[PDB]
């Protein structure tokens, strides 16, 4: 018994969610919606500059997508309320347009025949957020949920291990983040973010982010203890969090490493990773773990003040955990 998913929005997250769903036997994509001709959708799925060619076959026949022998209904509806999700039997909608990030706009999917909605971004309202490895057991049957952000999915699991084992007094984070679709190729207008309109490939671009402060929502014990900011850098994919934290209980770096390794090999096997290799960003292109702890890159000034490094494929890891949230609220 497979969970039937419709994808609203075939951007970066929507397409990588689709690609990850082909690998999972418990989740099935049955419908895609975006303002794109079916033939265009096949082209964007077939070819990916970041993640290579689609592993499988995609073709178009009679206005529908054929993906590995499976028929995908393709629609181009602007109003989510006329999506007729019930006609294809969709259980959960992966709302991935980045535009309907509130309970009232996203509820239009449930009106249109869907049973539940997962937002592939942090909610602009109080729609509950859930990060795997952090607070999945706190889901209480809500029909609209958020998977938070790609950056929160990296910070929250690492934060839990550190807090549970040593107690975080206070932490400040920087994410050295890859270029995203909202940026510009050359200096251009970006009214909502002047820095973000500067040429992405030429610049280190500071930006603000609530992802660190949002960790206090999925980890309420850390409610007012985390914040930070971002540096957008000229990479097509893969980012890394730089977490400077104060510890209540004194810990050697060797003890931090052992605590992370244990959680990575234990309760967070699929979410948190651990490495001692001389890794660089491209080594995590395709990583499913939302947080891979970089043991050698981190550094401690003393037993209570430490800087911790954790990688994440902001496309693949987040997309896989979107599916984890789909299945968690269904299974």
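Residue numbers count along the first chain shown, from 1.
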Mean C-alpha B-factor higher for 292-300, or for 262-270?
262-270
Between 64-72 and 274-282 (mean CA B-factor, as deposited), the higher:
64-72
Have a look at 95, 242, 104, 170 and flag the one whose Cα has the highest B-factor in the entry.
104
Candidate residues 27, 44, 31, 306, the one whose C-alpha B factor the record puts highest
27
Just say lowest, middle or highest third for the CA B-factor of residue 225 relative to the other modelled residues in its chain.
middle
Would you mind ranking residue 78 by its C-alpha B-factor against the rest of the chain and naming the third, lowest, middle or highest?
highest
Taking the C-alpha B-factors as the PDB entry records them, is residue 149 in the lowest, middle or highest third of its chain?
middle
The third of the chain into which the C-alpha temperature factor of residue 90 falls is the highest
Relative C-alpha B-factor of residue 128, binned into the chain's lowest, middle or highest third
highest
